[PDB]
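Enquirer: Here you go, this is protein-v2.pdb (PDB, C-alpha atoms and all ligand atoms).
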ATOM      1  CA  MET A   1     -66.926   6.316 173.841  1.00  0.00           C
ATOM      2  CA  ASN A   2     -65.916   9.755 175.096  1.00  0.00           C
ATOM      3  CA  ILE A   3     -62.857  11.862 175.850  1.00  0.00           C
ATOM      4  CA  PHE A   4     -62.307  10.313 179.241  1.00  0.00           C
ATOM      5  CA  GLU A   5     -62.440   6.771 178.032  1.00  0.00           C
ATOM      6  CA  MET A   6     -60.348   7.655 175.063  1.00  0.00           C
ATOM      7  CA  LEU A   7     -57.618   9.154 177.089  1.00  0.00           C
ATOM      8  CA  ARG A   8     -57.820   6.415 179.678  1.00  0.00           C
ATOM      9  CA  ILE A   9     -57.020   4.091 176.850  1.00  0.00           C
ATOM     10  CA  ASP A  10     -54.148   6.110 175.542  1.00  0.00           C
ATOM     11  CA  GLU A  11     -52.504   6.945 178.818  1.00  0.00           C
ATOM     12  CA  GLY A  12     -53.203   3.953 181.069  1.00  0.00           C
ATOM     13  CA  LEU A  13     -53.555   4.150 184.882  1.00  0.00           C
ATOM     14  CA  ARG A  14     -50.641   3.828 187.296  1.00  0.00           C
ATOM     15  CA  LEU A  15     -50.901   4.412 190.976  1.00  0.00           C
ATOM     16  CA  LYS A  16     -47.145   4.763 191.648  1.00  0.00           C
ATOM     17  CA  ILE A  17     -44.831   7.475 190.194  1.00  0.00           C
ATOM     18  CA  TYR A  18     -43.529   6.307 186.857  1.00  0.00           C
ATOM     19  CA  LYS A  19     -41.494   7.699 183.987  1.00  0.00           C
ATOM     20  CA  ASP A  20     -43.394   8.554 180.855  1.00  0.00           C
ATOM     21  CA  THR A  21     -42.251   7.860 177.287  1.00  0.00           C
ATOM     22  CA  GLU A  22     -39.944  10.956 177.521  1.00  0.00           C
ATOM     23  CA  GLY A  23     -38.543   9.802 180.909  1.00  0.00           C
ATOM     24  CA  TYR A  24     -40.478  12.295 182.962  1.00  0.00           C
ATOM     25  CA  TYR A  25     -42.071  11.639 186.279  1.00  0.00           C
ATOM     26  CA  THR A  26     -45.783  11.079 185.967  1.00  0.00           C
ATOM     27  CA  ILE A  27     -48.523   9.406 187.934  1.00  0.00           C
ATOM     28  CA  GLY A  28     -52.158   8.320 187.556  1.00  0.00           C
ATOM     29  CA  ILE A  29     -53.647   8.804 184.114  1.00  0.00           C
ATOM     30  CA  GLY A  30     -50.948  10.664 182.322  1.00  0.00           C
ATOM     31  CA  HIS A  31     -50.557  13.395 184.927  1.00  0.00           C
ATOM     32  CA  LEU A  32     -47.101  14.885 184.479  1.00  0.00           C
ATOM     33  CA  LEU A  33     -45.519  15.842 187.691  1.00  0.00           C
ATOM     34  CA  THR A  34     -42.259  17.407 186.667  1.00  0.00           C
ATOM     35  CA  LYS A  35     -39.696  17.576 183.914  1.00  0.00           C
ATOM     36  CA  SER A  36     -36.998  17.400 186.568  1.00  0.00           C
ATOM     37  CA  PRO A  37     -34.713  14.399 186.984  1.00  0.00           C
ATOM     38  CA  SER A  38     -35.191  14.373 190.711  1.00  0.00           C
ATOM     39  CA  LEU A  39     -37.561  11.942 192.271  1.00  0.00           C
ATOM     40  CA  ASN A  40     -37.755  14.115 195.232  1.00  0.00           C
ATOM     41  CA  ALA A  41     -38.913  16.962 193.261  1.00  0.00           C
ATOM     42  CA  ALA A  42     -41.540  14.562 191.864  1.00  0.00           C
ATOM     43  CA  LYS A  43     -42.677  13.401 195.269  1.00  0.00           C
ATOM     44  CA  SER A  44     -42.893  16.999 196.323  1.00  0.00           C
ATOM     45  CA  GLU A  45     -45.040  18.035 193.356  1.00  0.00           C
ATOM     46  CA  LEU A  46     -47.164  15.021 193.982  1.00  0.00           C
ATOM     47  CA  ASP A  47     -47.963  15.811 197.615  1.00  0.00           C
ATOM     48  CA  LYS A  48     -48.653  19.355 196.702  1.00  0.00           C
ATOM     49  CA  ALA A  49     -51.107  18.142 194.010  1.00  0.00           C
ATOM     50  CA  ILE A  50     -52.932  15.718 196.282  1.00  0.00           C
ATOM     51  CA  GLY A  51     -52.786  17.723 199.434  1.00  0.00           C
ATOM     52  CA  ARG A  52     -51.205  14.992 201.625  1.00  0.00           C
ATOM     53  CA  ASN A  53     -48.073  13.021 202.247  1.00  0.00           C
ATOM     54  CA  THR A  54     -48.369  10.418 199.587  1.00  0.00           C
ATOM     55  CA  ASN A  55     -45.010   8.939 199.587  1.00  0.00           C
ATOM     56  CA  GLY A  56     -45.276   8.446 195.751  1.00  0.00           C
ATOM     57  CA  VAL A  57     -48.408   6.378 195.823  1.00  0.00           C
ATOM     58  CA  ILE A  58     -52.058   7.520 195.299  1.00  0.00           C
ATOM     59  CA  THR A  59     -55.417   5.834 195.229  1.00  0.00           C
ATOM     60  CA  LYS A  60     -57.675   5.286 192.196  1.00  0.00           C
ATOM     61  CA  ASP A  61     -59.897   7.983 193.360  1.00  0.00           C
ATOM     62  CA  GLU A  62     -57.082  10.481 193.632  1.00  0.00           C
ATOM     63  CA  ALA A  63     -55.891   9.565 190.106  1.00  0.00           C
ATOM     64  CA  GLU A  64     -59.377  10.159 188.767  1.00  0.00           C
ATOM     65  CA  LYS A  65     -59.552  13.438 190.432  1.00  0.00           C
ATOM     66  CA  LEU A  66     -56.309  14.590 188.880  1.00  0.00           C
ATOM     67  CA  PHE A  67     -57.677  13.258 185.601  1.00  0.00           C
ATOM     68  CA  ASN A  68     -60.893  15.281 185.749  1.00  0.00           C
ATOM     69  CA  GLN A  69     -58.935  18.391 186.520  1.00  0.00           C
ATOM     70  CA  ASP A  70     -56.530  17.814 183.702  1.00  0.00           C
ATOM     71  CA  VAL A  71     -59.240  17.253 181.102  1.00  0.00           C
ATOM     72  CA  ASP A  72     -61.074  20.304 182.256  1.00  0.00           C
ATOM     73  CA  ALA A  73     -57.946  22.356 182.024  1.00  0.00           C
ATOM     74  CA  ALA A  74     -57.189  21.089 178.520  1.00  0.00           C
ATOM     75  CA  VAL A  75     -60.678  22.096 177.302  1.00  0.00           C
ATOM     76  CA  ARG A  76     -60.360  25.475 178.918  1.00  0.00           C
ATOM     77  CA  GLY A  77     -56.928  25.928 177.496  1.00  0.00           C
ATOM     78  CA  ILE A  78     -58.208  25.319 173.967  1.00  0.00           C
ATOM     79  CA  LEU A  79     -61.019  27.771 174.471  1.00  0.00           C
ATOM     80  CA  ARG A  80     -58.721  30.464 175.606  1.00  0.00           C
ATOM     81  CA  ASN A  81     -56.235  29.879 172.774  1.00  0.00           C
ATOM     82  CA  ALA A  82     -56.659  32.175 169.839  1.00  0.00           C
ATOM     83  CA  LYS A  83     -55.139  29.675 167.452  1.00  0.00           C
ATOM     84  CA  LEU A  84     -57.014  26.716 168.806  1.00  0.00           C
ATOM     85  CA  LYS A  85     -60.448  27.897 169.603  1.00  0.00           C
ATOM     86  CA  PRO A  86     -61.535  28.498 166.103  1.00  0.00           C
ATOM     87  CA  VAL A  87     -60.436  25.090 165.042  1.00  0.00           C
ATOM     88  CA  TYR A  88     -62.181  23.500 167.871  1.00  0.00           C
ATOM     89  CA  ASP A  89     -65.350  25.487 167.181  1.00  0.00           C
ATOM     90  CA  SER A  90     -65.376  24.304 163.620  1.00  0.00           C
ATOM     91  CA  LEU A  91     -65.221  20.604 164.439  1.00  0.00           C
ATOM     92  CA  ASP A  92     -67.792  17.914 165.088  1.00  0.00           C
ATOM     93  CA  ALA A  93     -67.898  16.226 168.583  1.00  0.00           C
ATOM     94  CA  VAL A  94     -65.697  13.290 167.709  1.00  0.00           C
ATOM     95  CA  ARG A  95     -62.957  15.332 166.189  1.00  0.00           C
ATOM     96  CA  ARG A  96     -63.047  17.789 169.115  1.00  0.00           C
ATOM     97  CA  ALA A  97     -62.169  14.886 171.356  1.00  0.00           C
ATOM     98  CA  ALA A  98     -59.147  14.133 169.116  1.00  0.00           C
ATOM     99  CA  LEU A  99     -58.040  17.704 169.521  1.00  0.00           C
ATOM    100  CA  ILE A 100     -58.383  17.560 173.291  1.00  0.00           C
ATOM    101  CA  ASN A 101     -56.298  14.387 173.343  1.00  0.00           C
ATOM    102  CA  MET A 102     -53.480  16.056 171.582  1.00  0.00           C
ATOM    103  CA  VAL A 103     -53.574  19.064 173.895  1.00  0.00           C
ATOM    104  CA  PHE A 104     -53.588  16.851 176.946  1.00  0.00           C
ATOM    105  CA  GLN A 105     -50.507  15.044 175.596  1.00  0.00           C
ATOM    106  CA  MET A 106     -48.462  17.853 174.275  1.00  0.00           C
ATOM    107  CA  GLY A 107     -49.767  21.124 175.607  1.00  0.00           C
ATOM    108  CA  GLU A 108     -51.471  23.953 173.868  1.00  0.00           C
ATOM    109  CA  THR A 109     -48.237  25.065 172.783  1.00  0.00           C
ATOM    110  CA  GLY A 110     -47.049  21.950 171.090  1.00  0.00           C
ATOM    111  CA  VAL A 111     -50.404  21.664 169.392  1.00  0.00           C
ATOM    112  CA  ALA A 112     -50.609  25.238 168.217  1.00  0.00           C
ATOM    113  CA  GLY A 113     -47.345  24.480 166.236  1.00  0.00           C
ATOM    114  CA  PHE A 114     -49.261  22.125 163.976  1.00  0.00           C
ATOM    115  CA  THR A 115     -50.262  25.225 162.083  1.00  0.00           C
ATOM    116  CA  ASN A 116     -50.576  23.736 158.690  1.00  0.00           C
ATOM    117  CA  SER A 117     -52.585  20.703 159.901  1.00  0.00           C
ATOM    118  CA  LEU A 118     -54.829  22.924 161.941  1.00  0.00           C
ATOM    119  CA  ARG A 119     -55.753  24.972 158.915  1.00  0.00           C
ATOM    120  CA  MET A 120     -56.500  21.852 156.956  1.00  0.00           C
ATOM    121  CA  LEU A 121     -58.694  20.607 159.735  1.00  0.00           C
ATOM    122  CA  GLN A 122     -60.480  23.847 159.659  1.00  0.00           C
ATOM    123  CA  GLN A 123     -61.049  23.467 155.982  1.00  0.00           C
ATOM    124  CA  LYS A 124     -62.304  19.882 156.523  1.00  0.00           C
ATOM    125  CA  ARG A 125     -59.545  18.410 154.338  1.00  0.00           C
ATOM    126  CA  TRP A 126     -59.297  15.224 156.425  1.00  0.00           C
ATOM    127  CA  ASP A 127     -56.990  13.038 154.420  1.00  0.00           C
ATOM    128  CA  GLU A 128     -54.625  15.874 153.848  1.00  0.00           C
ATOM    129  CA  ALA A 129     -54.423  16.922 157.425  1.00  0.00           C
ATOM    130  CA  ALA A 130     -53.769  13.288 158.402  1.00  0.00           C
ATOM    131  CA  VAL A 131     -50.878  13.088 156.113  1.00  0.00           C
ATOM    132  CA  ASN A 132     -49.438  16.362 157.261  1.00  0.00           C
ATOM    133  CA  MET A 133     -49.832  15.411 160.929  1.00  0.00           C
ATOM    134  CA  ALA A 134     -47.788  12.225 160.409  1.00  0.00           C
ATOM    135  CA  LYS A 135     -44.717  14.225 159.542  1.00  0.00           C
ATOM    136  CA  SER A 136     -44.032  15.164 163.119  1.00  0.00           C
ATOM    137  CA  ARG A 137     -41.810  14.121 165.932  1.00  0.00           C
ATOM    138  CA  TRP A 138     -45.047  13.288 167.754  1.00  0.00           C
ATOM    139  CA  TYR A 139     -45.885  10.643 165.225  1.00  0.00           C
ATOM    140  CA  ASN A 140     -42.360   9.215 165.032  1.00  0.00           C
ATOM    141  CA  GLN A 141     -42.019   8.994 168.841  1.00  0.00           C
ATOM    142  CA  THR A 142     -45.471   7.598 169.705  1.00  0.00           C
ATOM    143  CA  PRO A 143     -46.634   6.167 166.526  1.00  0.00           C
ATOM    144  CA  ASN A 144     -49.414   3.812 167.728  1.00  0.00           C
ATOM    145  CA  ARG A 145     -51.098   6.487 169.698  1.00  0.00           C
ATOM    146  CA  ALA A 146     -50.579   9.147 167.074  1.00  0.00           C
ATOM    147  CA  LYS A 147     -52.139   6.733 164.551  1.00  0.00           C
ATOM    148  CA  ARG A 148     -55.234   6.393 166.704  1.00  0.00           C
ATOM    149  CA  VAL A 149     -55.686  10.169 167.031  1.00  0.00           C
ATOM    150  CA  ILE A 150     -55.001  10.741 163.377  1.00  0.00           C
ATOM    151  CA  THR A 151     -57.531   8.099 162.285  1.00  0.00           C
ATOM    152  CA  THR A 152     -60.023   9.792 164.528  1.00  0.00           C
ATOM    153  CA  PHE A 153     -59.453  13.111 162.736  1.00  0.00           C
ATOM    154  CA  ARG A 154     -59.520  11.386 159.388  1.00  0.00           C
ATOM    155  CA  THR A 155     -62.816   9.529 159.912  1.00  0.00           C
ATOM    156  CA  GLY A 156     -64.671  11.399 162.538  1.00  0.00           C
ATOM    157  CA  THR A 157     -65.502   7.996 164.146  1.00  0.00           C
ATOM    158  CA  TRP A 158     -64.174   6.098 167.185  1.00  0.00           C
ATOM    159  CA  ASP A 159     -63.166   3.090 165.173  1.00  0.00           C
ATOM    160  CA  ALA A 160     -59.532   3.273 166.130  1.00  0.00           C
ATOM    161  CA  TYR A 161     -60.602   2.885 169.673  1.00  0.00           C
ATOM    162  CA  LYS A 162     -62.779  -0.199 169.143  1.00  0.00           C
TER     163      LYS A 162
HETATM  164 CL    CL A 201     -52.332  19.871 189.920  1.00  0.00          CL
HETATM  165 CL    CL A 202     -47.740   5.187 171.115  1.00  0.00          CL
END
Would you encode the structure as structure tokens?

Expert:
Amino acid sequence: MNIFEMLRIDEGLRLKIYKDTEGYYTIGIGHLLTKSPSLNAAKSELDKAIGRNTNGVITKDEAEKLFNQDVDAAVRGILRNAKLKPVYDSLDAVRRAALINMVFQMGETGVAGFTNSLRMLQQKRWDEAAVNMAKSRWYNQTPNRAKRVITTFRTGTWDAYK
């Protein structure tokens, strides 16, 4: 297992524009197009992302390409974030993947607001961080996924993904 497989499990793969769990227009493997309510806006952002007139539909290949870019950006975002980088640097390889997952889902910003958890992770207080992370909107809204990511931080293994 790795970050790509892990996220492919959490996000799925859809080749037509769809609404995510928050009702926002997405496509592919969790690639958010726009927070706007307008499908047109969504189609527009999509064509601009792919570089062609898609008409709201993309191929597997195109989805994977967006995916690679998005994972790369998430990593790079962490590494540029003063609150995140240090946490990330302190972790083992499995747990780093958990941290990338969260950033991919919620943005650097949303993640950086888990201040207290982050510190606990940094201190390697696994059980504690897990409990603190569960008291979040994130957990309450997407509980099954959050559970998987949390277990990953708690154990440092991929068991939740097996
Ligand atoms: Cl893009
Ligand atoms: Cl979920």

Enquirer: How many Å lie between CA of residue 82 in chain A and CA of residue 113 in chain A, rounded to one decimal?

Expert: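 CA of residue 82 in chain A sits 12.6 Å away from CA of residue 113 in chain A.
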
Enquirer: Neighbouring residues of residue 27 in chain A were defined as those with any atom within 9 Å, considering only C-alpha atoms; residues of the same chain fewer than 5 positions away were excluded. Please report them as number ranges by chain.

Expert: A: 13-20, 32-33, 46, 56-58, 63

Enquirer: Kindly resolve the PyMOL selection byres (((chain A and resi 66) around 9) and not hetatm) on the present coordinates and return the residues as a VMD selection string.

Expert: chain A and resid 28 to 29 31 49 to 50 61 to 65 67 to 71

Enquirer: Counting all atoms listed in the file, which of A:93, A:42, A:121, A:75 gets nearest to residue 1 in chain A?

Expert: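 Comparing A:93, A:42, A:121, A:75 against residue 1 in chain A, the winner is A:93.
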
Enquirer: Would you list the residues that come within 10 Å of ligand CL 202 (chain A)? Count only C-alpha atoms and all ligand atoms and give the answer as a list in words.

Expert: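 The neighbouring residues of ligand CL 202 (chain A) are, in order, residues 10, 11, 21, 138, 139, 140, 141, 142, 143, 144, 145, 146, 147 and 148 of chain A.
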
Enquirer: Kindly give the distance, in Å, that separates CA of residue 41 in chain A and CA of residue 112 in chain A, rounded to a single decimal.

Expert: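 Those two atoms sit 28.9 Å apart.
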
Enquirer: Go through A:12, A:39, A:132, A:99 one by one, measure the shortest atom-to-atom distance of each to residue 24 in chain A using only C-alpha atoms, and give the residue with the smallest value.

Expert: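 Of A:12, A:39, A:132, A:99, the one nearest residue 24 in chain A is A:39, counting only C-alpha atoms.
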
Enquirer: With all atoms listed in the file as the atoms that count, which of A:4, A:9, A:47, A:92 lies nearest to ligand CL 201 (chain A)?

Expert: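 The answer is A:47, which sits nearest to ligand CL 201 (chain A).
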
Enquirer: CA of residue 101 in chain A and CA of residue 6 in chain A, how far apart in Å?

Expert: 8.0 Å

Enquirer: Rank A:40, A:78, A:48, A:134 by their smallest atom-to-atom distance to residue 97 in chain A, using only C-alpha atoms, and report the top residue only.

Expert: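 Closest to residue 97 in chain A, using only C-alpha atoms: A:78.
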
Enquirer: Taking all atoms listed in the file into account, which of A:91, A:103, A:150, A:73 comes nearest ligand CL 201 (chain A)?

Expert: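 Counting all atoms listed in the file, the residue closest to ligand CL 201 (chain A) is A:73.
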
Enquirer: Kindly complete range 107-132 of chain A to N, CA and C atoms; the output should be written as a PDB file, keeping the file's coordinate frame.

Expert:
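Just written: part.pdb:
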ATOM      1  N   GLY A 107     -49.683  19.724 175.287  1.00  0.00           N
ATOM      2  CA  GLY A 107     -49.767  21.124 175.607  1.00  0.00           C
ATOM      3  C   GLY A 107     -50.203  21.942 174.411  1.00  0.00           C
ATOM      4  N   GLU A 108     -50.857  23.031 174.781  1.00  0.00           N
ATOM      5  CA  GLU A 108     -51.471  23.953 173.868  1.00  0.00           C
ATOM      6  C   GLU A 108     -50.460  24.451 172.896  1.00  0.00           C
ATOM      7  N   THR A 109     -49.334  24.553 173.479  1.00  0.00           N
ATOM      8  CA  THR A 109     -48.237  25.065 172.783  1.00  0.00           C
ATOM      9  C   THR A 109     -47.773  24.150 171.697  1.00  0.00           C
ATOM     10  N   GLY A 110     -47.479  22.885 172.079  1.00  0.00           N
ATOM     11  CA  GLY A 110     -47.049  21.950 171.090  1.00  0.00           C
ATOM     12  C   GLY A 110     -48.111  21.836 170.017  1.00  0.00           C
ATOM     13  N   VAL A 111     -49.381  21.860 170.413  1.00  0.00           N
ATOM     14  CA  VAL A 111     -50.404  21.664 169.392  1.00  0.00           C
ATOM     15  C   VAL A 111     -50.523  22.856 168.431  1.00  0.00           C
ATOM     16  N   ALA A 112     -50.491  24.038 169.018  1.00  0.00           N
ATOM     17  CA  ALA A 112     -50.609  25.238 168.217  1.00  0.00           C
ATOM     18  C   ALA A 112     -49.530  25.339 167.088  1.00  0.00           C
ATOM     19  N   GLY A 113     -48.396  24.620 167.264  1.00  0.00           N
ATOM     20  CA  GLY A 113     -47.345  24.480 166.236  1.00  0.00           C
ATOM     21  C   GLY A 113     -47.710  23.498 165.051  1.00  0.00           C
ATOM     22  N   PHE A 114     -48.916  22.932 165.107  1.00  0.00           N
ATOM     23  CA  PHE A 114     -49.261  22.125 163.976  1.00  0.00           C
ATOM     24  C   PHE A 114     -50.045  23.051 163.049  1.00  0.00           C
ATOM     25  N   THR A 115     -49.513  24.238 162.850  1.00  0.00           N
ATOM     26  CA  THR A 115     -50.262  25.225 162.083  1.00  0.00           C
ATOM     27  C   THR A 115     -50.895  24.740 160.821  1.00  0.00           C
ATOM     28  N   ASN A 116     -50.056  24.192 159.977  1.00  0.00           N
ATOM     29  CA  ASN A 116     -50.576  23.736 158.690  1.00  0.00           C
ATOM     30  C   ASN A 116     -51.703  22.708 158.820  1.00  0.00           C
ATOM     31  N   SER A 117     -51.553  21.710 159.698  1.00  0.00           N
ATOM     32  CA  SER A 117     -52.585  20.703 159.901  1.00  0.00           C
ATOM     33  C   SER A 117     -53.871  21.343 160.366  1.00  0.00           C
ATOM     34  N   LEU A 118     -53.712  22.250 161.319  1.00  0.00           N
ATOM     35  CA  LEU A 118     -54.829  22.924 161.941  1.00  0.00           C
ATOM     36  C   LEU A 118     -55.665  23.617 160.870  1.00  0.00           C
ATOM     37  N   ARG A 119     -55.002  24.284 159.957  1.00  0.00           N
ATOM     38  CA  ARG A 119     -55.753  24.972 158.915  1.00  0.00           C
ATOM     39  C   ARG A 119     -56.530  24.004 158.039  1.00  0.00           C
ATOM     40  N   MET A 120     -55.860  22.861 157.764  1.00  0.00           N
ATOM     41  CA  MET A 120     -56.500  21.852 156.956  1.00  0.00           C
ATOM     42  C   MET A 120     -57.696  21.315 157.715  1.00  0.00           C
ATOM     43  N   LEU A 121     -57.535  21.147 159.027  1.00  0.00           N
ATOM     44  CA  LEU A 121     -58.694  20.607 159.735  1.00  0.00           C
ATOM     45  C   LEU A 121     -59.864  21.599 159.620  1.00  0.00           C
ATOM     46  N   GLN A 122     -59.494  22.843 159.717  1.00  0.00           N
ATOM     47  CA  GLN A 122     -60.480  23.847 159.659  1.00  0.00           C
ATOM     48  C   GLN A 122     -61.192  23.853 158.312  1.00  0.00           C
ATOM     49  N   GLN A 123     -60.444  23.551 157.277  1.00  0.00           N
ATOM     50  CA  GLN A 123     -61.049  23.467 155.982  1.00  0.00           C
ATOM     51  C   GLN A 123     -61.718  22.155 155.716  1.00  0.00           C
ATOM     52  N   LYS A 124     -61.661  21.199 156.660  1.00  0.00           N
ATOM     53  CA  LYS A 124     -62.304  19.882 156.523  1.00  0.00           C
ATOM     54  C   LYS A 124     -61.699  18.993 155.421  1.00  0.00           C
ATOM     55  N   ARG A 125     -60.385  19.197 155.247  1.00  0.00           N
ATOM     56  CA  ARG A 125     -59.545  18.410 154.338  1.00  0.00           C
ATOM     57  C   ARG A 125     -58.852  17.317 155.186  1.00  0.00           C
ATOM     58  N   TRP A 126     -59.642  16.273 155.489  1.00  0.00           N
ATOM     59  CA  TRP A 126     -59.297  15.224 156.425  1.00  0.00           C
ATOM     60  C   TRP A 126     -58.063  14.403 156.058  1.00  0.00           C
ATOM     61  N   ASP A 127     -58.089  13.864 154.867  1.00  0.00           N
ATOM     62  CA  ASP A 127     -56.990  13.038 154.420  1.00  0.00           C
ATOM     63  C   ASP A 127     -55.671  13.809 154.383  1.00  0.00           C
ATOM     64  N   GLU A 128     -55.777  15.036 153.898  1.00  0.00           N
ATOM     65  CA  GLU A 128     -54.625  15.874 153.848  1.00  0.00           C
ATOM     66  C   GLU A 128     -54.050  16.200 155.199  1.00  0.00           C
ATOM     67  N   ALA A 129     -54.929  16.582 156.113  1.00  0.00           N
ATOM     68  CA  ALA A 129     -54.423  16.922 157.425  1.00  0.00           C
ATOM     69  C   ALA A 129     -53.702  15.715 158.039  1.00  0.00           C
ATOM     70  N   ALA A 130     -54.293  14.530 157.835  1.00  0.00           N
ATOM     71  CA  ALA A 130     -53.769  13.288 158.402  1.00  0.00           C
ATOM     72  C   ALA A 130     -52.352  13.023 157.906  1.00  0.00           C
ATOM     73  N   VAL A 131     -52.172  13.298 156.642  1.00  0.00           N
ATOM     74  CA  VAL A 131     -50.878  13.088 156.113  1.00  0.00           C
ATOM     75  C   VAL A 131     -49.887  14.112 156.642  1.00  0.00           C
ATOM     76  N   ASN A 132     -50.304  15.358 156.711  1.00  0.00           N
ATOM     77  CA  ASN A 132     -49.438  16.362 157.261  1.00  0.00           C
ATOM     78  C   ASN A 132     -49.141  16.046 158.748  1.00  0.00           C
TER      79      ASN A 132
END
